[PDB]
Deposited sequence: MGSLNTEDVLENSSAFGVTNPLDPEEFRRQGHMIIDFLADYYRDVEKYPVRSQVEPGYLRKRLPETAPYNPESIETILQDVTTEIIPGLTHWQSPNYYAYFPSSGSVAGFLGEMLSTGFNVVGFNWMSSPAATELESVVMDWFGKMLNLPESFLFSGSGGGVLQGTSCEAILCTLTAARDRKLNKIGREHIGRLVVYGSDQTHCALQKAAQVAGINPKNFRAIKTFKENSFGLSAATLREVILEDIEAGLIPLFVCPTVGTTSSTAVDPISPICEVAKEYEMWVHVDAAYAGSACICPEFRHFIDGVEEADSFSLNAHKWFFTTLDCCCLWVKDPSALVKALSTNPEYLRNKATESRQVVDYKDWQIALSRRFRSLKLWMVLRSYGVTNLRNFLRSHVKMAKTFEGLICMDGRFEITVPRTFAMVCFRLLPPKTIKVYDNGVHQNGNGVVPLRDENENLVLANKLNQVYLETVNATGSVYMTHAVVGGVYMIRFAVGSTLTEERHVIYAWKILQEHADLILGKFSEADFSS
């Protein structure tokens, strides 16, 4: 029997759809964070591949009993850890079609729709975000669909690297400096390592509570002037709208004005919070992006396409091409492989296309709004409880709070750590933490697609029930 037999495809396909619909219907029964022990799976599974085939009915049962227990349910309506793994039916069907077609977007000829639909949706999504025409295909720029924002940052950093090193000489790679906040995600540092940036030439600029931990352009100018006086070349600054720890925001406009002075490439990283700027009341968070060179968000984080789909807009696609193309430098229809790392591109445009058509701009705006409203509600319940405290301002549907004690910081930090792990150990909910400004913080990030208001309130009661429990027996130890 052919491994791609259409009728067996139809038969087994309907089974997995029923399996997944059953999973989504029952997901609340599982503990959110997996409770298996390290190595549990290597001991339950054999050590060699089977010589003979096994039935899909046998495999699906093993999925139920061996795999699902070792899952941490990001799709659970009770998952508030990290950032969301934002899914939808439309996104799933897009990946299903892409997987089903299984074409390789090596070039435009390899599937013209896989190349052209991407250029259309990137313009669709850009215009929703009110990106200037310098980022669009209608105007002077272009957009590309990539897997992760780390890869997105790697390419732009390489493009900026090649732009500078092609002018002053390749031998000066050891002087290029990469600038970010001490809240910037580690994807920036990782790209700098791969791109050949010297490890001691990475800058994690200090941020202050006075600015709610957003990078101050004046502090950046000071660091640049020191680097310049030390014989170093400033290369690349990456302000973040929505840092992963306390959802801090960097002021884009003054940062690019500082970067214009010193001929620096600016990448605006809006990996999580970027999708909300289709709502006009949030679009101010990326004001100044008109002056930046590149812009990226993770659609798989907050825009209902399944993992993974990172959307990257650039003003000058040529810069990416010159750095990433393998055709000779005297050579450098869109060929998206020259815009990214992967040569065998996936048909990621279907995901974004399906999410846009099946919901429309209006519903998508309301989806993000409901997560924020739910987080504003969670913020309100916390403020009304004198035992809790909001640590930093809430900006996009994430709330950072801590339980107060009845230094004082080291105690409050130890209290919130023991508090959080007790809560997470129940399996009822799942939050992660962050240490910002020396303060341990619990993070409440409302983005799971199945999450509704009942789950948020359910989590709040579990927080205060454990608050009553732990604050009752304190003993300062």
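Coordinate coverage of the deposited sequence is interrupted at 1 to 18, 351 to 358, 433 to 456, 528 to 531, where no C-alpha atom was modelled.
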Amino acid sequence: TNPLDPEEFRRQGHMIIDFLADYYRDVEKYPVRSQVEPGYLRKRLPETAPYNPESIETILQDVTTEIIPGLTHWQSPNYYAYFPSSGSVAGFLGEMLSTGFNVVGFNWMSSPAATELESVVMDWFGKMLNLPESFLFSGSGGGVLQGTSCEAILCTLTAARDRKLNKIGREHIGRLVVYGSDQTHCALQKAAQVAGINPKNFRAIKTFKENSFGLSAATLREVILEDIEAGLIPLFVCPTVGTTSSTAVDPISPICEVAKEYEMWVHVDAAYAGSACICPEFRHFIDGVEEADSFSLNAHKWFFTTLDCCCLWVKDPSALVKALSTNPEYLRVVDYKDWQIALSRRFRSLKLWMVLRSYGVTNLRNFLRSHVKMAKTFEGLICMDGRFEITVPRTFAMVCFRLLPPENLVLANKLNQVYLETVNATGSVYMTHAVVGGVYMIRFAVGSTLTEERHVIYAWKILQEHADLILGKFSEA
From here on, numbers count along this sequence of modelled residues.
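Of the two stretches examined, 118 to 126 and 376 to 384, the record assigns the greater average C-alpha temperature factor to 376 to 384.
Averaged over Cα atoms, the B-factor as recorded in the entry is higher for 204 to 212 than for the other of 318 to 326 and 204 to 212.
Of the candidates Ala160, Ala342, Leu71, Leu368, the one whose C-alpha carries the top B factor in the deposited record is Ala342.
Among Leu350, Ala259, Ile197, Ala152, the highest C-alpha B-factor recorded in the PDB entry belongs to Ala259. In the PDB entry, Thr451 places in the highest third of its chain by CA B-factor.
Per the PDB record, residue ranking by Cα B-factor puts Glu281 in the lowest third of the chain.
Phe303: CA B factor in the lowest third of modelled residues in this chain (values from the PDB entry). Ranked by C-alpha B-factor against the other modelled residues of its chain, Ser138 falls in the highest third. For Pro406, the recorded CA B-factor ranks within the highest third of the chain. Only modelled residues enter the ranking.
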